[PDB]
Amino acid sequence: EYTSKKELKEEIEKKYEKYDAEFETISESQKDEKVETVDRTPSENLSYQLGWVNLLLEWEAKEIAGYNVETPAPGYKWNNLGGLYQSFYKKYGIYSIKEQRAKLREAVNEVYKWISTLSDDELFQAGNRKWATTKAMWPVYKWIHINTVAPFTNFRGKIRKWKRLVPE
């Protein structure tokens, strides 16, 4: 539930900064370590955010340029997000933690900029984006929440757990 652009932007920033801050103490040498019962490495964790946040921005970019938007992505389907994630890991996994963090910070700033340029109705009322219709009656802000606030929260838990369990 969000009432304003300011409220949404502030919640994204709050959850994003707590998430990113967890990577400060992680060694580059350990970025690919798979730890027991933790589904992703630090590098995979970041690549997942880079994937969805950039995909969100790309949906909007395609639609306002007048293009059809295949969601989640061309060649990928909602019933096979695992394959989509694999494309994320492959795409962003060739970069360091430092590099992935910088990219993600830039992508989140683009989200701030996007929210600012939306009209109130475009952000908060359904029926304004074709790409948002992918889930019936969801306004854009919901799509933004579930790809920023929500995963920055959940995957902060995952990366903290990774740090609790990673071997010396």
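Don't overthink the numbering: it's just position in the shown sequence, from 1.
*Asks:* Mean CA B-factor: is it higher for 136 to 144 or for 43 to 51?
*Replies:* Per the PDB entry, the higher value belongs to 136 to 144.
*Asks:* Take the C-alpha B-factors listed in the entry for 21 to 29 and for 152 to 160, compute each mean, and give the stretch with the larger one.
*Replies:* On average, C-alpha B-factors are higher across 21 to 29.
*Asks:* If you check the C-alpha B-factor for each of 60, 99, 122, 110 in the entry, which is highest?
*Replies:* Highest C-alpha B-factor among the listed options: 99.
*Asks:* Please place residue 116 in the lowest, middle or highest third of its chain according to the CA B-factor in the PDB entry.
*Replies:* For residue 116, whose C-alpha B-factor we compare with every modelled residue in the chain, the answer is the lowest third.
*Asks:* C-alpha B factor of residue 129, ranked within the chain: lowest, middle or highest third?
*Replies:* Answer is lowest: the recorded C-alpha B-factor places it there.
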